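start.cif follows; it contains mmCIF, C-alpha atoms.
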```cif
data_query
#
loop_
_atom_site.group_PDB
_atom_site.id
_atom_site.type_symbol
_atom_site.label_atom_id
_atom_site.label_comp_id
_atom_site.auth_asym_id
_atom_site.auth_seq_id
_atom_site.Cartn_x
_atom_site.Cartn_y
_atom_site.Cartn_z
ATOM 1 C CA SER X 1 0.000 0.000 0.000
ATOM 2 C CA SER X 2 1.157 3.516 -0.671
ATOM 3 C CA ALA X 3 0.952 4.947 2.794
ATOM 4 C CA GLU X 4 1.941 8.427 3.823
ATOM 5 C CA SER X 5 0.360 11.458 5.513
ATOM 6 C CA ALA X 6 2.826 13.576 7.391
ATOM 7 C CA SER X 7 6.073 11.786 7.198
ATOM 8 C CA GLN X 8 9.350 13.581 6.973
ATOM 9 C CA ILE X 9 11.885 11.707 5.153
ATOM 10 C CA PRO X 10 15.316 13.356 5.500
ATOM 11 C CA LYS X 11 18.388 12.586 3.467
ATOM 12 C CA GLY X 12 20.061 9.471 4.715
ATOM 13 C CA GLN X 13 17.157 7.351 5.680
ATOM 14 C CA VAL X 14 13.816 6.664 4.067
ATOM 15 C CA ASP X 15 10.534 5.918 5.874
ATOM 16 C CA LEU X 16 9.677 2.330 6.320
ATOM 17 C CA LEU X 17 6.018 3.047 6.834
ATOM 18 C CA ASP X 18 5.452 2.567 3.109
ATOM 19 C CA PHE X 19 7.771 -0.482 3.225
ATOM 20 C CA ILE X 20 5.597 -2.268 5.714
ATOM 21 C CA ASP X 21 3.603 -5.262 4.482
ATOM 22 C CA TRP X 22 0.534 -4.285 6.577
ATOM 23 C CA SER X 23 -1.371 -7.420 5.628
ATOM 24 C CA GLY X 24 0.636 -9.805 7.766
ATOM 25 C CA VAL X 25 1.104 -7.495 10.754
ATOM 26 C CA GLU X 26 0.689 -9.370 13.970
ATOM 27 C CA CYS X 27 0.190 -8.243 17.490
ATOM 28 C CA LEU X 28 0.128 -10.367 20.622
ATOM 29 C CA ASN X 29 -1.413 -7.401 22.467
ATOM 30 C CA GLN X 30 -1.771 -4.130 20.361
ATOM 31 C CA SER X 31 -3.664 -2.811 23.400
ATOM 32 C CA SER X 32 -6.393 -5.092 24.700
ATOM 33 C CA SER X 33 -8.840 -2.160 24.081
ATOM 34 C CA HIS X 34 -7.004 -0.513 21.085
ATOM 35 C CA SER X 35 -5.732 -1.563 17.637
ATOM 36 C CA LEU X 36 -2.201 -1.519 16.032
ATOM 37 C CA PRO X 37 -2.895 1.049 13.070
ATOM 38 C CA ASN X 38 -3.442 3.690 15.771
ATOM 39 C CA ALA X 39 0.223 4.482 16.300
ATOM 40 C CA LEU X 40 1.882 3.009 13.276
ATOM 41 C CA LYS X 41 -0.226 4.136 10.383
ATOM 42 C CA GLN X 42 0.379 7.840 10.372
ATOM 43 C CA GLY X 43 -2.746 9.671 10.435
ATOM 44 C CA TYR X 44 -4.453 7.789 13.228
ATOM 45 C CA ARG X 45 -1.584 8.706 15.619
ATOM 46 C CA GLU X 46 -3.714 11.250 17.466
ATOM 47 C CA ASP X 47 -3.593 10.609 21.186
ATOM 48 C CA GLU X 48 -7.143 11.726 21.843
ATOM 49 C CA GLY X 49 -9.122 9.234 19.878
ATOM 50 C CA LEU X 50 -6.815 6.343 19.159
ATOM 51 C CA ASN X 51 -3.320 5.431 20.282
ATOM 52 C CA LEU X 52 -1.307 2.299 20.904
ATOM 53 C CA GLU X 53 -1.036 1.537 24.563
ATOM 54 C CA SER X 54 -0.463 -1.105 27.119
ATOM 55 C CA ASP X 55 -3.932 -2.029 28.378
ATOM 56 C CA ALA X 56 -2.651 -4.128 31.213
ATOM 57 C CA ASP X 57 0.524 -5.647 29.904
ATOM 58 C CA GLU X 58 3.256 -3.029 29.774
ATOM 59 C CA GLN X 59 5.272 -5.507 27.827
ATOM 60 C CA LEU X 60 4.140 -5.261 24.263
ATOM 61 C CA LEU X 61 5.024 -7.493 21.344
ATOM 62 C CA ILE X 62 4.335 -6.151 17.836
ATOM 63 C CA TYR X 63 5.412 -8.050 14.719
ATOM 64 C CA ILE X 64 5.874 -6.138 11.504
ATOM 65 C CA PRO X 65 6.673 -7.809 8.172
ATOM 66 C CA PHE X 66 7.862 -5.659 5.273
ATOM 67 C CA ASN X 67 7.142 -5.612 1.600
ATOM 68 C CA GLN X 68 10.736 -5.049 0.529
ATOM 69 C CA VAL X 69 14.105 -5.831 2.020
ATOM 70 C CA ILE X 70 15.713 -2.705 3.379
ATOM 71 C CA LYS X 71 18.229 -1.868 6.096
ATOM 72 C CA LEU X 72 16.946 -0.362 9.347
ATOM 73 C CA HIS X 73 19.055 2.719 10.135
ATOM 74 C CA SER X 74 17.118 4.811 12.582
ATOM 75 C CA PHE X 75 13.973 4.544 14.617
ATOM 76 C CA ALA X 76 11.459 7.051 16.009
ATOM 77 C CA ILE X 77 8.991 6.216 18.744
ATOM 78 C CA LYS X 78 6.886 8.767 20.579
ATOM 79 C CA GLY X 79 4.605 8.782 23.517
ATOM 80 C CA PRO X 80 4.232 10.646 26.820
ATOM 81 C CA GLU X 81 7.443 11.272 28.756
ATOM 82 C CA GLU X 82 6.338 9.042 31.638
ATOM 83 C CA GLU X 83 4.399 6.493 29.602
ATOM 84 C CA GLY X 84 6.906 6.237 26.786
ATOM 85 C CA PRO X 85 8.554 2.847 25.938
ATOM 86 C CA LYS X 86 12.166 2.919 27.111
ATOM 87 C CA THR X 87 13.293 -0.657 26.870
ATOM 88 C CA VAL X 88 12.988 -1.267 23.183
ATOM 89 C CA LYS X 89 14.096 -4.526 21.733
ATOM 90 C CA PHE X 90 13.965 -5.524 18.163
ATOM 91 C CA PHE X 91 14.563 -8.653 16.257
ATOM 92 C CA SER X 92 14.714 -8.941 12.546
ATOM 93 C CA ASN X 93 15.370 -11.995 10.291
ATOM 94 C CA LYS X 94 12.823 -13.956 12.196
ATOM 95 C CA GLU X 95 9.284 -14.427 11.122
ATOM 96 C CA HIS X 96 7.053 -15.309 14.081
ATOM 97 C CA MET X 97 8.364 -15.331 17.611
ATOM 98 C CA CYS X 98 6.626 -14.786 20.871
ATOM 99 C CA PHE X 99 8.309 -13.028 23.814
ATOM 100 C CA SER X 100 9.019 -16.345 25.539
ATOM 101 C CA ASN X 101 11.755 -16.995 22.941
ATOM 102 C CA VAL X 102 12.822 -13.324 22.717
ATOM 103 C CA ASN X 103 14.351 -13.928 26.135
ATOM 104 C CA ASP X 104 16.728 -16.602 24.838
ATOM 105 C CA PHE X 105 17.594 -14.944 21.541
ATOM 106 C CA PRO X 106 19.835 -11.844 21.448
ATOM 107 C CA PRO X 107 17.824 -8.859 20.087
ATOM 108 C CA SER X 108 18.912 -7.026 16.961
ATOM 109 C CA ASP X 109 19.410 -3.917 18.962
ATOM 110 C CA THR X 110 18.213 -2.668 22.246
ATOM 111 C CA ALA X 111 17.303 0.920 22.338
ATOM 112 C CA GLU X 112 16.254 3.418 24.889
ATOM 113 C CA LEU X 113 13.715 6.066 24.278
ATOM 114 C CA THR X 114 15.778 9.166 24.410
ATOM 115 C CA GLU X 115 14.178 12.510 25.135
ATOM 116 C CA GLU X 116 14.885 13.463 21.546
ATOM 117 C CA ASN X 117 13.252 10.240 20.260
ATOM 118 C CA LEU X 118 10.209 11.320 22.284
ATOM 119 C CA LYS X 119 10.114 14.420 20.006
ATOM 120 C CA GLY X 120 10.192 12.499 16.752
ATOM 121 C CA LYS X 121 13.888 12.355 16.127
ATOM 122 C CA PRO X 122 15.257 9.278 14.266
ATOM 123 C CA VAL X 123 17.798 7.683 16.576
ATOM 124 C CA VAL X 124 20.367 5.556 14.834
ATOM 125 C CA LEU X 125 20.733 1.955 15.918
ATOM 126 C CA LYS X 126 23.133 -0.888 14.960
ATOM 127 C CA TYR X 127 22.935 -0.687 11.170
ATOM 128 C CA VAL X 128 25.744 -3.230 10.997
ATOM 129 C CA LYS X 129 23.281 -5.951 11.960
ATOM 130 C CA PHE X 130 20.344 -4.709 9.931
ATOM 131 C CA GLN X 131 21.336 -5.788 6.464
ATOM 132 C CA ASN X 132 18.292 -7.759 5.467
ATOM 133 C CA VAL X 133 14.980 -6.747 6.799
ATOM 134 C CA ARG X 134 11.941 -8.707 5.649
ATOM 135 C CA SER X 135 10.674 -9.015 9.154
ATOM 136 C CA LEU X 136 11.023 -6.933 12.283
ATOM 137 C CA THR X 137 9.536 -7.653 15.606
ATOM 138 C CA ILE X 138 9.324 -4.865 18.120
ATOM 139 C CA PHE X 139 9.348 -5.941 21.698
ATOM 140 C CA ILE X 140 8.882 -3.221 24.207
ATOM 141 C CA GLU X 141 8.983 -4.547 27.731
ATOM 142 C CA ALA X 142 9.522 -1.515 29.918
ATOM 143 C CA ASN X 143 8.658 2.126 29.885
ATOM 144 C CA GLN X 144 10.486 5.346 30.682
ATOM 145 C CA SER X 145 9.464 5.996 34.250
ATOM 146 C CA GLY X 146 8.232 2.512 35.166
ATOM 147 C CA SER X 147 4.764 3.965 35.156
ATOM 148 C CA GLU X 148 3.054 0.540 34.609
ATOM 149 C CA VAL X 149 1.118 1.968 31.698
ATOM 150 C CA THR X 150 2.774 2.695 28.410
ATOM 151 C CA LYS X 151 1.364 4.858 25.653
ATOM 152 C CA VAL X 152 2.608 5.179 22.159
ATOM 153 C CA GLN X 153 1.586 8.058 19.921
ATOM 154 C CA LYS X 154 3.515 7.134 16.833
ATOM 155 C CA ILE X 155 6.060 4.630 15.667
ATOM 156 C CA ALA X 156 8.228 5.247 12.663
ATOM 157 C CA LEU X 157 11.154 3.303 11.357
ATOM 158 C CA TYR X 158 13.662 4.814 9.018
ATOM 159 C CA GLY X 159 15.947 2.765 6.915
ATOM 160 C CA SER X 160 18.503 3.190 4.265
ATOM 161 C CA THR X 161 17.547 0.453 1.766
#
```

Mind turning this structure into structure tokens?
Amino acid sequence: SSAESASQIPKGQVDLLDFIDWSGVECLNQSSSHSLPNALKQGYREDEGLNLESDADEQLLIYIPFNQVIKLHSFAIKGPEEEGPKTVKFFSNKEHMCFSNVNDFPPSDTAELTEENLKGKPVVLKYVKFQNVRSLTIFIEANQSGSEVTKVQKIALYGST
């Protein structure tokens, strides 16, 4: 799908929103009372009506398959400062995995929500590992302030093909 809205693609990294498969997206939570598109598909990212949150489980597992193989270069996740996801783990090159196994397998990268990330700034991660991305699972287990509840306004991944 050709999917944009208000995405700012700089020079260095391209948005992966349009590179997402969308059809095979899978969520083992996606908010027990909310849906996934809320924070990922730009446009619905308005924390007023719909957002991606942790309903009860602060630990959230979201699986995103892509339509093309690109390299993940930078990531951008936003939410509230207290309810923002800090412990961000990713794992690519693996289609289908629940968090039980994510504990035994080393993540692709483990990021922290920086205050700048919280503003919509693409933070660069280990590009040396992201060479082939057909699949990317995002496992967020802990939030910024340990506030029990986590809220996500928007998720954006930027890659460099």

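For the file at hand, the PyMOL selection byres ((chain X and resi 103) around 12) resolves to residues 89, 90, 91, 97, 98, 99, 100, 101, 102, 104, 105, 106, 107, 139 and 141 of chain X.
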
How about saving the chosen residues, C-alpha atoms kept, as an mmCIF file, in the frame of the given file?
```
data_model
loop_
_atom_site.group_PDB
_atom_site.id
_atom_site.type_symbol
_atom_site.label_atom_id
_atom_site.label_comp_id
_atom_site.auth_asym_id
_atom_site.auth_seq_id
_atom_site.Cartn_x
_atom_site.Cartn_y
_atom_site.Cartn_z
ATOM 1 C CA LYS X 89 14.096 -4.526 21.733
ATOM 2 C CA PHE X 90 13.965 -5.524 18.163
ATOM 3 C CA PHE X 91 14.563 -8.653 16.257
ATOM 4 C CA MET X 97 8.364 -15.331 17.611
ATOM 5 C CA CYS X 98 6.626 -14.786 20.871
ATOM 6 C CA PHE X 99 8.309 -13.028 23.814
ATOM 7 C CA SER X 100 9.019 -16.345 25.539
ATOM 8 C CA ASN X 101 11.755 -16.995 22.941
ATOM 9 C CA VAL X 102 12.822 -13.324 22.717
ATOM 10 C CA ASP X 104 16.728 -16.602 24.838
ATOM 11 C CA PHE X 105 17.594 -14.944 21.541
ATOM 12 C CA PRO X 106 19.835 -11.844 21.448
ATOM 13 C CA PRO X 107 17.824 -8.859 20.087
ATOM 14 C CA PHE X 139 9.348 -5.941 21.698
ATOM 15 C CA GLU X 141 8.983 -4.547 27.731
#
```

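Distance-wise, CA of residue 53 (chain X) and CA of residue 119 (chain X) end up 17.6 Å apart.
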
Extract, using all atoms listed in the file, all DNA, RNA and protein residues at most 8 Å from region 78-81 of chain X, discarding same-chain residues fewer than 4 positions from it, and format them as a ChimeraX atom specification. /X:85,115,117-120,144-145,151-155

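The coordinates place CA of residue 133 (chain X) at 28.4 Å from CA of residue 83 (chain X).
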
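If you measure from each of X:16, X:64, X:157, X:3 to residue 95 (chain X) using only C-alpha atoms, the closest one turns out to be X:64.
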
| Looking at X:33, X:7, X:132, X:137, which one is nearest to residue 57 (chain X), with distances taken over only C-alpha atoms? |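 Between X:33, X:7, X:132, X:137, the residue approaching residue 57 (chain X) most closely is X:33.
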
note - CA of residue 142 (chain X) and CA of residue 124 (chain X) are separated by 19.9 Å

Q | Shell around residue 111 (chain X) at 9 Å using all atoms listed in the file, local window under 5 positions removed, as number ranges by chain | A | X: 86-90, 123, 125
